[PDB]
**Q** 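Before we start, here is the structure in question, set down as structure tokens.
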Amino acid sequence: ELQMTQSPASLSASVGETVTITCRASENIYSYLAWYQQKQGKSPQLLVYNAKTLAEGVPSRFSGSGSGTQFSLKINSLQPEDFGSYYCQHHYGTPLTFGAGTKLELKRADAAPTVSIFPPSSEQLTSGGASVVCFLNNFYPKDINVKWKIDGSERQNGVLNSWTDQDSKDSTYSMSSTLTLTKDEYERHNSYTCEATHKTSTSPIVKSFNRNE
Amino acid sequence: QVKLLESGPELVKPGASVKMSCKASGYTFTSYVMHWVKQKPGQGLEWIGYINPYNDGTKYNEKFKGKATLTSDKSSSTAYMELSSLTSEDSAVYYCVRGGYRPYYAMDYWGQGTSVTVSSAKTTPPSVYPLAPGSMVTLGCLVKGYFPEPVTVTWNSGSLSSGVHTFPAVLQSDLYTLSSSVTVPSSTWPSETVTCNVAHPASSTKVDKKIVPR
DNA sequence: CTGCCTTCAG
């Protein structure tokens with residue numbers, strides 16, 4: 001079966017930069033490769049079909065090239081609305097398959113996250129629950145790791161993370177990490193720690209609190 | 001002007017079926033095949049199959065044979081996709097996509113998408129918990145245990161909008177949870193109040209939670 | 001069995 005191998009999975013650029021997304025095919029697919037853009041929260045839109053033909057409406061800064069197994073989509077000098085995802089898709093019989101996508105994100109200066117930890121509320125504890133919340137806000141680039149420790153022991157169970165998309169104004173990312181325990185479990189330990197590893201410092205940002213404090 | 005209007009969002013029980021629609025206008029419906037594509041939240045695109053409305057002929061992705069049934073009605077210029085024996089794995093946005101004048105040409109025009117959620121959960125209002133600290137000050141509120149999406153979170157009835165991060169909901173045993181953070185000057189709290197306002201229209205519920213110091 | 005063809009046209 002035909003498999004579309006896109007790269008890079010993510011590419012960081014700036015407005016007025018020229019970027020090239022590649023798409024490779026398991027076999028030769030002649031000229032039969034299409035490109036779609038998809039912006040966060042939206043339906044995809046066709047950019048290019050038959051490797052090089054622009055679809056109606058598509059600005060001429062988009063161009064496609066290639067043949068055989070190797071294809072590319074060039075965006076000559078990026079504009080603000082060009083950040084989003086891009087997928088290739090072959091139109092060489094069936095089954096139709098899409099590349100895994102390239103997410104094109106906007107370059108800024110590095111920012112360390114602002115890390116904040118919160119103990120369970122009295123309201124939650126009254127109901128028999130205990131969620132510990134860590135916010136890691138306005139960092140850049142996107143790649144980050146959060147580790148929880150309980151009394152210096154690493155903890156992976158009960159943790160749920162959520163990430164925002166690159167912000168449109170300030171170009172940062174944010175993340176919440178929530179460790180959910182029962183009241184009983186929570187009250188067996190003293191120290192709760194949210195530790196963030198990010199490019200901007202070799203040392204991780206550590207936020208902690210002690211229950212018995 | 002090519003337009004594909006899709007039927008609205010579906011909340012459906014596991015084991016049930018759902019049939020969604022794609023009403024076509026602005027071109028000759030019968031002259032072009034109609035494709036269907038699956039996209040799970042935050043993931044890529046998966047081709048299901050197409051129908052040729054001219055002759056009712058179908059072509060499927062082998063994985064969806066038995067799961068998806070594609071039909072069309074010339075009279076109403078409507079394509080349909082029925083999904084059967086629903087599991088949570090079927091929760092996704094589904095698109096209809098206009099295909100080619102010849103079936104092997106590239107698909108061009110995509111519909112708005114139909115969101116399908118497969119769950120046995122019952123309508124449940126959120127529990128809302130204040131997140132107060134244990135120079136800028138960060139506060140939050142934890143919105144836990146609601147179904148279905150969405151909830152809307154504001155702070156001080158919308159008066160506080162900068163420095164807010166409201167995060168995508170995630171599932172905890174078939175109910176949703178989300179948090180929202182707000183960061184404000186230390187001069188403004190606890191001196192002045194900060195309240196998160198959570199609306200859950202599905203349960204006609206509003207929650208107003210004041211953040212107080214511990 | 002379920003073919004062939006790649007953009008304004010069976």
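All values below come from the heavy atoms of this structure, side chains included, with hydrogens, waters and symmetry mates left out. To find a chain, count down the sequence lines: A is the first, B the second, and so on, and within it residues start at 1.
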**Q** From OH of B:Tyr27 over to P of C:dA9, roughly how many Å is that when rounded to an integer?
**A**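 Atom OH in B:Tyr27 sits about 19 Å away from atom P in C:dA9.
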**Q** Does C:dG3 pair with anything, Watson-Crick or G-U wobble, both distances under 3.5 Å, and if so, with which nucleotide?
**A**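 The base-pairing partner of C:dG3, which may sit in any strand shown, does not exist here.
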**Q** A:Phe71 has an atom CZ; how far is it from atom P of C:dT6, in whole Å?
**A**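 In whole Å, C:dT6 P and A:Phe71 CZ are 15 Å from each other.
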**Q** Nearest nucleotide by nearest heavy atom, which residue falls closer to the 5' end of DNA chain C, B:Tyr32 or B:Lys59?
**A**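 Its nucleotide being nearer the 5' end, the pick is B:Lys59.
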**Q** For a quick check of understanding: with a heavy-atom distance under 4.0 Å over all strands, which category does B:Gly99 fall into, base, sugar-phosphate or nothing?
**A**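 Contact class for B:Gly99: none.
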**Q** Indicate whether the side chain of B:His165 and that of A:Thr164 have a donor and an acceptor atom separated by less than 3.5 Å.
**A** no
**Q** Taking OP1 and OP2 of C:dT6, is either one under 4.0 Å from a side-chain nitrogen or oxygen of B:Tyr105?
**A**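 Answer is no, no contact under 4.0 Å.
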**Q** Can A:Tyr32 be classed as stacking with the base of C:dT6, given a centroid separation cut-off of 5.5 Å and a plane angle cut-off of 30°?
**A**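 Yes, aromatic ring over the base.
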**Q** Can you tell me which residue among B:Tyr50, B:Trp47, B:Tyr95 is in a side-chain hydrogen bond (donor to acceptor under 3.5 Å, both in side chains) with B:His35?
**A** B:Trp47
**Q** At under 4.0 Å, does any side-chain N or O of A:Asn50 touch on OP1 or OP2 of C:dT7?
**A** yes
**Q** For the pair made of OH in B:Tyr101 and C1' in C:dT6, what is the distance, rounded to whole Å?
**A** 14 Å
**Q** Within 45 degrees of the axis of the six-membered ring of B:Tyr80 and under 6.0 Å from its centre: does B:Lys19 put its NZ or CZ there?
**A**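 So B:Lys19 does make the cation-pi contact.
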**Q** For A:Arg61, is there an ion pair with A:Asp82 - N to carboxylate O distance below 4.0 angstrom?
**A** yes
**Q** What is the separation between atom OH on B:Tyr109 and atom P on C:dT7, rounded to the nearest whole Å?
**A** 17 Å
**Q** Please compare A:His91 and B:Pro103 by the position of their nearest nucleotide in DNA chain C and report the one closer to 5'.
**A** A:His91
